[PDB]
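Colleague: The structure under discussion is supplied below as structure tokens; questions concerning it will follow.
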Amino acid sequence: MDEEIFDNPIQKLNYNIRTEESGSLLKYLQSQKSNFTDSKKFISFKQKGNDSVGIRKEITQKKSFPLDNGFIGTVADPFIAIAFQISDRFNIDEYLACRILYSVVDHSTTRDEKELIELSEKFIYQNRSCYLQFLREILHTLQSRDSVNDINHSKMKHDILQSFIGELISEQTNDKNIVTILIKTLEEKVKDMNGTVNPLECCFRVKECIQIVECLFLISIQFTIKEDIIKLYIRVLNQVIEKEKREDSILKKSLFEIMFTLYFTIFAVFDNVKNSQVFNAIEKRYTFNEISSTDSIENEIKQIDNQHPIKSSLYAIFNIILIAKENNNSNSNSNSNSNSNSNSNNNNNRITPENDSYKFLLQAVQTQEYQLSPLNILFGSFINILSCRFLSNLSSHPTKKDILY
Amino acid sequence: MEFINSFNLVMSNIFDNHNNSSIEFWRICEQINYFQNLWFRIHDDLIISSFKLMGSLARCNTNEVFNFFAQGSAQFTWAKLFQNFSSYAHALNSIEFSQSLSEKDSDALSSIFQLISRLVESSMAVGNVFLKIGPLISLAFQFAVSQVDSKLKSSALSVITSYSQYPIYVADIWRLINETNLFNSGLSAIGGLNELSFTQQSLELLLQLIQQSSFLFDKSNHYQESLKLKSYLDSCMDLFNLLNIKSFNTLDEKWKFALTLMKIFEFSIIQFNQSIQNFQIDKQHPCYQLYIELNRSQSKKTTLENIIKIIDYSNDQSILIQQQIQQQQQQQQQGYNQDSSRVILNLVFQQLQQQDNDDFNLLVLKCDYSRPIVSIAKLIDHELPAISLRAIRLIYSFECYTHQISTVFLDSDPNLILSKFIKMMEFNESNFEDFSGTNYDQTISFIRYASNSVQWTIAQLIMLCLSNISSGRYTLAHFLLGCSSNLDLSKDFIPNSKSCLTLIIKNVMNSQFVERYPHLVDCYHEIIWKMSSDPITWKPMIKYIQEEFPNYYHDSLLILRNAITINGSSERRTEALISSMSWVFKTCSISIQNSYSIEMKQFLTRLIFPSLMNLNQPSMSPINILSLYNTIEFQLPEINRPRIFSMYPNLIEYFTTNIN
């Protein structure tokens with residue numbers, strides 16, 4: 001990582017996807033698996049080692065540090081002081097802090113202490129995201145139909161990329177698993193988000209939180225998901241709700257886009273329980289997601305707060321999905337006589353229209369075009385209930401349900 | 001009905017952007033019979049939103065939305081909607097003729113007019129059936145004139161704008177505008193914040209009309225109507241002078257209002273320039289007033305003054321956007337200011353493209369530019385190449401009239417100007433994917449053209465200011481190449497500096513730059529040759545080659561010879577590489593004649609004339625005199641006589657041009 005970040009791993013990824021052999025792409029992804037399976041690298045540099053009190057003497061007494069290709073960067077005492085201040089201000093390893101300050105002196109004309117320290121701050125806050133964006137561009141290479149035409153001539157590359165993320169998703173120690181790493185990283189990056197202490201860091205932390213949920217979204221329209229990861233998505237969404245309630249107006253748009261894309265990640269997991277299909281990373285075939293403990297997930301949706309319209313809209317969606325799974329399981333039992341009439345009442349009491357639930361579902365669709373295909377899958381499902389239940393029951397002396405529907 | 005209205009309004013907001021995801025959505029709605037179950041017995045409160053959803057879908061599902069209200073199965077149908085419109089119009093007309101609507105009616109007739117406009121935006125064939133269901137244009141004029149809501153006036157006027165997209169209706173729409181006097185309110189400087197939507201739609205109607213009516217610039221027949229066009233253009237000029245005084249609800253409204261006015265002026269000056277023949281500037285032309293309020297030295301000075309403020313403010317904005325890209329998810333709000341800046345740089349270029357002309361200079365033979373030039377030069381490194389290339393091609397014409405952009409840049413900050421040319425001349429190897437694909441999309445190609453034209457236009461700007469040397473003159477070429485800012489050209493270059501010269505030589509010795517851009521390398525070598533063959537600068541130049549670039553005559557012959565040797569190249573790559581190879585030989589010839597160094601001794605005796613005994617020293621096809629000769633291929637092409645000279649022998653000297 002602390003070497004690889006100067007090596008532009010996103011340009012080298014895109015070369016590995018376009019121009020390289022499948023026999024090379026497979027090697028590069030297998031080494032990079034060591035950055036993805038450790039939640040301390042994935043969006044964080046090499047934080048200070050215990051004997052910084054040795055390393056700072058070594059740098060001061062050599063007056064040099066290691067660059068790449070074996071080069072020994074010889075440096076004056078003011079550069080060593082600025083690199084030590086960068087290493088303190090951000091608590092990073094001193095040999096990285098010298099390399100960052102060097103690259104910031106190469107790629108600028110500026111020479112006041114503060115210019116080099118803000119350019120280093122911006123280098124640190126942007127380039128700490130390298131593996132999140134490396135994962136994002138693989139996930140869009142797996143998602144676009146269009147680069148999938150270019151790659152169909154070499155389709156073994158798409159099978160390799162789908163197998164590679166399949167190994168990050170199949171992984172059995174939950175704490176290595178890339179979906180759990182994205183989840184935990186979102187929990188802490190959202191938790192400690194605050195524009196009133198460093199607004200520059202907070203804007204990069206917002207971009208990181210959006211791109212974490214984008215990676216979770218793309219994974220949830222491409223791969224099968226383990227039932228308790230769905231329960232984690234609902235818990236992080238509830239923590240974004242309790243963050244949104246507390247932060248000022250400025251952060252509310254960014255928290256709302258993070259919150260909506262998580263809400264759509266939960267819908268993407270759920271449509272794959274009946275209509276869509278995704279790559280089963282354990283069976284290496286396409287399947288549905290299975291949901292076995294309905295009443296576990298329903299009691300996670302019940303642990304969302306009662307003040308936020310997301311609760312009743314997820315509860316409406318979940319009762320739509322329950323009724324969509326029930327209305328399959330009826331049809332094999334068709335060799336049974338006459339006695340169905342009683343049960344009709346229950347599956348019409350499940351849908352009380354709680355007014356402002358769908359008003360969140362409106363306000364949050366002011367969002368980005370990569371969601372439009374999943375949005376049409378939501379709307380095709382949604383239109384099925386609008387046509388079959390609501391338009392079919394509007395009365396010509398409208399009640400307090402008809403004024404609602 | 002809260003929930004169904006809510007769903008319809010967000011589905012409207014998606015498909016309004018011409019978004020092809022509508023086509024899946026429509027077929028899904030048909031398979032679920034959703035539109036039938038909605039419209040067979042729709043309820044009063046659902047009407048407004050359901051017609052907005054249909055008016056969004058009507059952009060890309062034009063035929064299907066039209067057929068749905070034609071098939072007669074729904075609670076609304078085209079003939080029944082036209083019966084409602086004519087009933088409401090006759091009710092307005094008879095209330096107004098008795099002196100000599102609800103809010104839901106307004107927003108519903110507004111969204112039904114919006115749908116009817118959309119079914120004409122995306123189909124003349126549907127408009128050519130609507131006019132057979134009733135007199136829709138005349139009904140729209142009645143709703144635009146009578147005392148109704150500004151929303152309903154603008155949505156009725158939108159239907160008139162979508163019929164004025166087709167010249168066959170433009171003459172009768174224009175007749176009806178001048179009968180109804182509509183623009184005598186629709187272009188009102190005085191009209192308030194509530195009338196801003198009717199003002200904007202009237203400017204958009206005027207823009208859409210002029211783009212379809214050359215007859216409004218005529219005075220041989222249409223003198224009665226070009227006079228009326230002037231009355232509307234002179235109104236648009238005080239609206240543009242008021243553009244920093246009149247109020248808006250947002251900044252996006254202001255820049256859409258600016259962009260419509262600027263595009264009226266852009267097309268009005270094109271239809272002025274296209275009307276001048278054989279010196280005869282007709283002083284009755286409607287745009288001759290706009291030409292006199294632009295080409296000029298309270299509101300009757302602020303026209304050019306407000307244009308210059310938008311050139312200054314587009315530099316305030318490019319500096320603020322190169323900062324705020326560190327935060328902005330906000331690109332959607334930039335575009336109206338960026339396109340207003342692009343149209344301003346088109347219009348200034350269309351004031352120069354009457355003086356970039358022999359007829360004007362042959363007319364002159366019978367008869368503070370620094371701030372404008374410098375606020376254009378600050379846009380050389382603009383984030384859109386279609387603005388950068390406009391600033392550079394404006395500076396090209398401005399140097400042709402003056403030969404003094406050299407002093408204007410020294411009077412300023414020459415560092416902040418020269419660094420913008422350098423920032424455009426720096427080679428990025430990653431901006432590359434091959435032009436070998438036959439499927440030349442004009443959209444993607446115009447962006448790649450606007451990119452790669454920048455370095456070509458900077459190279460040709462340096463070349464012009466080397467071809468136009470009366471001896472000893474410092475020029476914008478000498479400025480860009482970094483010749484001494486003391487004007488004396490007989491002084492050495494500054495070593496390790498960045499000028500365009502330091503980049504020209506370092507791009508020439510990049511083999512990928514030579515393989516990708518051979519005509520730009522031929523041009524770059526003609527710069528090197530001219531700076532090495534002028535009687536003043538040759539000594540500074542050849543000294544600077546020997547002090548910072550001593551390999552230059554080996555590495556350039558190596559790279560050019562290899563780039564020629566690549567089989568499957570085309571005649572126009574081979575052309576420029578062989579032209580470039582002549583310039584290397586002649587530049588080397590002056591260096592040998594006047595500056596014979598120990599590197600030149602080693603170059604001749606180990607590479608060009610390699611004496612046999614030297615081959616046995618392991619203690620340190622080659623480029624020898626004979627391997628150089630046969631790289632030029634002295635089989636010249638046997639030029640066949642053009643078949644057009646056998647069709648038009650009387651036009652040979654008209655169909656050729658002498659390069660001199």
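Numbering starts fresh at 1 for the residues of each chain in the structure tokens, the chains themselves are lettered A, B, ... in the order given, and ligands are numbered from 1 as they appear.
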Tell me, as a list in words, which residues lie within 12 Å of range 93-96 of chain B, counting only C-alpha atoms; anything in the same chain fewer than 6 positions away does not count.
Modeller: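 Once the nearby chain positions are removed, what remains is residues 86, 87, 139, 141, 142, 143, 145, 146, 147 and 148 of chain B.
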Colleague: Within 7 Å of chain A, which residues of chain B show up when using only C-alpha atoms, listed as a PyMOL selection string?
Modeller: chain B and resi 1-4+6-7+10+25+28+32+34+37-38+327
Colleague: Apply DSSP to the backbone of this structure and, from range 209-325 of chain A, keep only the residues in strand (DSSP E or B); write these as a list in words.
Modeller: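 Secondary structure check on range 209-325 of chain A, strand (DSSP E or B): residues 223, 278, 279, 280, 285, 286 and 287 of chain A.
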Colleague: Output the selection as a PDB file, in the first residue's frame - N, CA and C atoms for each residue.
Modeller:
```pdb
ATOM      1  N   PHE A 223     -23.854 -10.511  -6.894  1.00  0.00           N
ATOM      2  CA  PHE A 223     -23.500 -11.698  -6.102  1.00  0.00           C
ATOM      3  C   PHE A 223     -24.576 -12.086  -5.079  1.00  0.00           C
ATOM      4  N   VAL A 278     -28.288 -13.740  -9.361  1.00  0.00           N
ATOM      5  CA  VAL A 278     -26.925 -13.250  -9.116  1.00  0.00           C
ATOM      6  C   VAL A 278     -25.939 -14.404  -8.931  1.00  0.00           C
ATOM      7  N   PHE A 279     -24.644 -14.136  -9.109  1.00  0.00           N
ATOM      8  CA  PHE A 279     -23.600 -15.153  -9.033  1.00  0.00           C
ATOM      9  C   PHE A 279     -23.435 -15.676  -7.600  1.00  0.00           C
ATOM     10  N   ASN A 280     -23.737 -16.956  -7.410  1.00  0.00           N
ATOM     11  CA  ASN A 280     -23.540 -17.655  -6.159  1.00  0.00           C
ATOM     12  C   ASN A 280     -22.058 -17.987  -5.993  1.00  0.00           C
ATOM     13  N   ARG A 285     -22.296 -20.692  -9.748  1.00  0.00           N
ATOM     14  CA  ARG A 285     -23.447 -20.657 -10.676  1.00  0.00           C
ATOM     15  C   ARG A 285     -24.362 -19.481 -10.330  1.00  0.00           C
ATOM     16  N   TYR A 286     -25.303 -19.103 -11.190  1.00  0.00           N
ATOM     17  CA  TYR A 286     -26.305 -18.084 -10.840  1.00  0.00           C
ATOM     18  C   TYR A 286     -27.452 -18.692 -10.016  1.00  0.00           C
ATOM     19  N   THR A 287     -27.882 -18.005  -8.950  1.00  0.00           N
ATOM     20  CA  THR A 287     -29.052 -18.378  -8.130  1.00  0.00           C
ATOM     21  C   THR A 287     -29.805 -17.145  -7.623  1.00  0.00           C
TER      22      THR A 287
END
```
Colleague: Give me the residues near range 533-536 of chain B as an mmCIF file with N, CA, C and O atoms, in the first residue's frame, where near means some atom within 8 Å (using only C-alpha atoms) and where sequence neighbours in that chain fewer than 6 positions away do not count.
Modeller:
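What ended up in selection-v9.cif:
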```cif
data_model
loop_
_atom_site.group_PDB
_atom_site.id
_atom_site.type_symbol
_atom_site.label_atom_id
_atom_site.label_comp_id
_atom_site.auth_asym_id
_atom_site.auth_seq_id
_atom_site.Cartn_x
_atom_site.Cartn_y
_atom_site.Cartn_z
ATOM 1 N N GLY B 472 15.070 41.106 -36.702
ATOM 2 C CA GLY B 472 15.258 41.694 -35.369
ATOM 3 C C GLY B 472 13.995 41.893 -34.520
ATOM 4 O O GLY B 472 14.131 42.192 -33.335
ATOM 5 N N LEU B 489 17.094 39.691 -29.116
ATOM 6 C CA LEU B 489 17.088 38.291 -29.544
ATOM 7 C C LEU B 489 18.478 37.640 -29.647
ATOM 8 O O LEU B 489 18.557 36.424 -29.792
ATOM 9 N N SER B 490 19.569 38.405 -29.563
ATOM 10 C CA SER B 490 20.939 37.870 -29.680
ATOM 11 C C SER B 490 21.515 37.311 -28.366
ATOM 12 O O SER B 490 22.696 36.966 -28.303
ATOM 13 N N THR B 587 19.139 21.769 -40.014
ATOM 14 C CA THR B 587 19.506 22.287 -38.678
ATOM 15 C C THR B 587 20.878 21.752 -38.231
ATOM 16 O O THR B 587 21.743 22.512 -37.780
ATOM 17 N N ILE B 590 23.766 23.652 -40.259
ATOM 18 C CA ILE B 590 24.219 24.936 -39.677
ATOM 19 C C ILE B 590 25.082 24.695 -38.431
ATOM 20 O O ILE B 590 26.080 25.393 -38.237
#
```
Colleague: Could you give me, as a PDB file with N, CA, C and O atoms, in the first residue's frame, the residues within 9 Å of residue 137 in chain B, counting only C-alpha atoms and dropping anything in the same chain fewer than 2 positions from it?
Modeller:
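Ended up saving to part_37.pdb:
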```pdb
ATOM      1  N   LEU B 131     -53.685  18.996 -35.548  1.00  0.00           N
ATOM      2  CA  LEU B 131     -54.298  20.075 -36.338  1.00  0.00           C
ATOM      3  C   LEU B 131     -55.519  19.625 -37.173  1.00  0.00           C
ATOM      4  O   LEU B 131     -56.273  20.462 -37.664  1.00  0.00           O
ATOM      5  N   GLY B 134     -58.408  19.614 -34.178  1.00  0.00           N
ATOM      6  CA  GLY B 134     -58.906  20.984 -34.027  1.00  0.00           C
ATOM      7  C   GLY B 134     -57.820  22.061 -34.171  1.00  0.00           C
ATOM      8  O   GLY B 134     -56.641  21.731 -34.299  1.00  0.00           O
ATOM      9  N   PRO B 135     -58.194  23.356 -34.127  1.00  0.00           N
ATOM     10  CA  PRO B 135     -57.298  24.496 -34.361  1.00  0.00           C
ATOM     11  C   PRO B 135     -56.403  24.792 -33.141  1.00  0.00           C
ATOM     12  O   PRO B 135     -56.485  25.853 -32.521  1.00  0.00           O
ATOM     13  N   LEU B 139     -56.133  27.989 -30.362  1.00  0.00           N
ATOM     14  CA  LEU B 139     -56.514  27.775 -28.962  1.00  0.00           C
ATOM     15  C   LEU B 139     -55.355  28.106 -28.007  1.00  0.00           C
ATOM     16  O   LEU B 139     -55.575  28.761 -26.993  1.00  0.00           O
ATOM     17  N   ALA B 140     -54.124  27.714 -28.343  1.00  0.00           N
ATOM     18  CA  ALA B 140     -52.935  28.048 -27.565  1.00  0.00           C
ATOM     19  C   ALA B 140     -52.688  29.569 -27.515  1.00  0.00           C
ATOM     20  O   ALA B 140     -52.441  30.101 -26.436  1.00  0.00           O
ATOM     21  N   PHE B 141     -52.864  30.293 -28.630  1.00  0.00           N
ATOM     22  CA  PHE B 141     -52.812  31.762 -28.636  1.00  0.00           C
ATOM     23  C   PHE B 141     -53.877  32.383 -27.722  1.00  0.00           C
ATOM     24  O   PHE B 141     -53.562  33.303 -26.973  1.00  0.00           O
ATOM     25  N   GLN B 142     -55.109  31.864 -27.711  1.00  0.00           N
ATOM     26  CA  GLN B 142     -56.167  32.352 -26.814  1.00  0.00           C
ATOM     27  C   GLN B 142     -55.785  32.163 -25.334  1.00  0.00           C
ATOM     28  O   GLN B 142     -55.849  33.115 -24.561  1.00  0.00           O
ATOM     29  N   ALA B 156     -49.137  26.972 -22.716  1.00  0.00           N
ATOM     30  CA  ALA B 156     -49.771  27.216 -24.011  1.00  0.00           C
ATOM     31  C   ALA B 156     -48.755  27.740 -25.045  1.00  0.00           C
ATOM     32  O   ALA B 156     -48.731  27.271 -26.181  1.00  0.00           O
ATOM     33  N   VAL B 159     -46.483  24.978 -26.618  1.00  0.00           N
ATOM     34  CA  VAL B 159     -47.101  24.318 -27.785  1.00  0.00           C
ATOM     35  C   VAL B 159     -46.861  25.130 -29.062  1.00  0.00           C
ATOM     36  O   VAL B 159     -46.636  24.562 -30.125  1.00  0.00           O
ATOM     37  N   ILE B 160     -46.866  26.461 -28.978  1.00  0.00           N
ATOM     38  CA  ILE B 160     -46.553  27.327 -30.125  1.00  0.00           C
ATOM     39  C   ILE B 160     -45.063  27.199 -30.501  1.00  0.00           C
ATOM     40  O   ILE B 160     -44.759  27.118 -31.690  1.00  0.00           O
ATOM     41  N   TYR B 163     -44.676  23.794 -32.385  1.00  0.00           N
ATOM     42  CA  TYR B 163     -45.088  23.965 -33.789  1.00  0.00           C
ATOM     43  C   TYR B 163     -44.138  24.866 -34.599  1.00  0.00           C
ATOM     44  O   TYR B 163     -43.987  24.626 -35.799  1.00  0.00           O
ATOM     45  N   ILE B 173     -47.784  31.154 -37.403  1.00  0.00           N
ATOM     46  CA  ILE B 173     -47.451  31.460 -36.003  1.00  0.00           C
ATOM     47  C   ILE B 173     -46.949  32.900 -35.876  1.00  0.00           C
ATOM     48  O   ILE B 173     -47.413  33.640 -35.010  1.00  0.00           O
TER      49      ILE B 173
END
```
Colleague: DSSP on the backbone, helix (DSSP H, G or I) only: what residues of range 234-402 of chain A does that give? Format it as a ChimeraX atom specification.
Modeller: /A:234-244,249-271,294-301,309-329,331-333,341-349,357-363,369-393
Colleague: Find the spatial neighbours of range 144-161 of chain A, counting only C-alpha atoms, within a cut-off of 9 Å - ignore same-chain residues fewer than 3 positions away - and output them as an MDAnalysis selection string.
Modeller: chainID A and resid 17:18 21:22 25:26 29 138:141 164:166
Colleague: Can you pull out every residue within 9 Å of range 58-69 of chain A, counting only C-alpha atoms, but drop anything in the same chain fewer than 4 positions away, and send it as a PDB file with C-alpha atoms, in the first residue's frame?
Modeller:
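File produced: out-v6.pdb:
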```
ATOM      1  CA  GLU A   3       4.653   1.928  -1.807  1.00  0.00           C
ATOM      2  CA  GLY A  54      14.194   4.834  16.572  1.00  0.00           C
ATOM      3  CA  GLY A  73      16.451  10.486  -1.097  1.00  0.00           C
ATOM      4  CA  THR A  74      18.993  12.745   0.713  1.00  0.00           C
ATOM      5  CA  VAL A  75      17.198  15.652   2.451  1.00  0.00           C
ATOM      6  CA  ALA A  76      17.879  18.801   4.502  1.00  0.00           C
ATOM      7  CA  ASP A  77      16.709  19.330   8.140  1.00  0.00           C
ATOM      8  CA  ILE A  80      12.830  16.204   7.792  1.00  0.00           C
ATOM      9  CA  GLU A  94       7.788   8.446   8.945  1.00  0.00           C
ATOM     10  CA  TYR A  95       9.146   6.683   5.809  1.00  0.00           C
ATOM     11  CA  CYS A  98       9.015  11.500   3.635  1.00  0.00           C
ATOM     12  CA  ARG A  99       7.778   9.832   0.348  1.00  0.00           C
ATOM     13  CA  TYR A 102       8.890  14.272  -1.742  1.00  0.00           C
TER      14      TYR A 102
END
```
Colleague: Could you list, as a PDB file with C-alpha atoms, in the first residue's frame, every residue within 8 Å of residue 161 in chain B, counting only C-alpha atoms and ignoring same-chain residues fewer than 2 positions away?
Modeller:
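Result file is out.pdb:
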```pdb
ATOM      1  CA  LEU B 157     -46.810  29.182 -25.512  1.00  0.00           C
ATOM      2  CA  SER B 158     -44.632  25.985 -25.325  1.00  0.00           C
ATOM      3  CA  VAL B 159     -47.101  24.318 -27.785  1.00  0.00           C
ATOM      4  CA  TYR B 163     -45.088  23.965 -33.789  1.00  0.00           C
ATOM      5  CA  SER B 164     -42.480  26.693 -34.699  1.00  0.00           C
ATOM      6  CA  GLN B 165     -39.829  23.898 -34.879  1.00  0.00           C
ATOM      7  CA  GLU B 204     -37.336  30.613 -26.403  1.00  0.00           C
ATOM      8  CA  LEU B 205     -40.212  31.041 -28.939  1.00  0.00           C
ATOM      9  CA  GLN B 208     -36.958  28.919 -32.149  1.00  0.00           C
ATOM     10  CA  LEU B 209     -38.680  31.155 -34.781  1.00  0.00           C
TER      11      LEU B 209
END
```
